[PDB]
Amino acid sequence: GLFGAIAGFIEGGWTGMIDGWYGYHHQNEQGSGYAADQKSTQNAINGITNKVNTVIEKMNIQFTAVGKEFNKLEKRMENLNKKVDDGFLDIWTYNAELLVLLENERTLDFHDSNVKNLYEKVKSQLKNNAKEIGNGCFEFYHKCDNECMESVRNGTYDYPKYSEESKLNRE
């Protein structure tokens, strides 16, 4: 993808994270597990809902459209009616298929960028209190309990409260 996160430096997805499109995996001494990012998933759901609803609303309702009949000396008019019907059908089939393709590409990139931005947010919070171990994972230079993890999740990580412990552990 354009942003290099999904199928990129985060090689695979998590079947064990059943509650959200994006989220976290934690492993401290208190244990291990997944924590879905519910706010980002809800924001993405709102965006994609708007997208699908846009596609549906731009296609206004198709009211009654039936064939017409022409006598044996109206072959030109019959063929013109046929040309009109077929041209409109060509154009609408083209528009539908191409819109779906382009929006699919945009949606995949949208999710890719969401994951990349989540990763960068955690990185900006952690600074040198943790190391980048690749595959989207960080390793803390200190003890981080479940409330420390949750403060990483909601964007209130306390860097000064662990700076000393982690620069002694970083040596």
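All residue numbers refer to positions in the sequence shown, first residue = 1. For the two forms, the rigid core is made up of the largest set of C-alpha atoms that agree within 1.5 Å on superposition.
*Asks:* Core-aligned, RMS over all structures and residues: is 128-136 or 37-45 the stretch with the greater C-alpha displacement in 9 other deposited structures of this protein?
*Replies:* Stretch with the higher C-alpha RMS distance in 9 other deposited structures of this protein: 37-45.
*Asks:* Once you work out the mean C-alpha B-factor for both 127-135 and 43-51 from the entry, which is higher?
*Replies:* That would be 127-135.
*Asks:* Using only C-alpha atoms and the B-factors in the entry, which stretch averages higher, 7-15 or 158-166?
*Replies:* On average, C-alpha B-factors are higher across 158-166.
*Asks:* By the entry's C-alpha temperature factors, tell me which of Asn104, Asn117, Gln38, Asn60 sits highest.
*Replies:* Spelled out: the listed residue with the top C-alpha B-factor is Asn60.
*Asks:* Using only modelled residues of the chain, where does the Cα B factor of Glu29 rank: lowest third, middle third or highest third?
*Replies:* Highest third, going by the recorded CA B-factors of the chain.
*Asks:* Among the chain's modelled residues, which third holds the C-alpha B-factor of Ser113?
*Replies:* Lowest third of the chain for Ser113's C-alpha B-factor.
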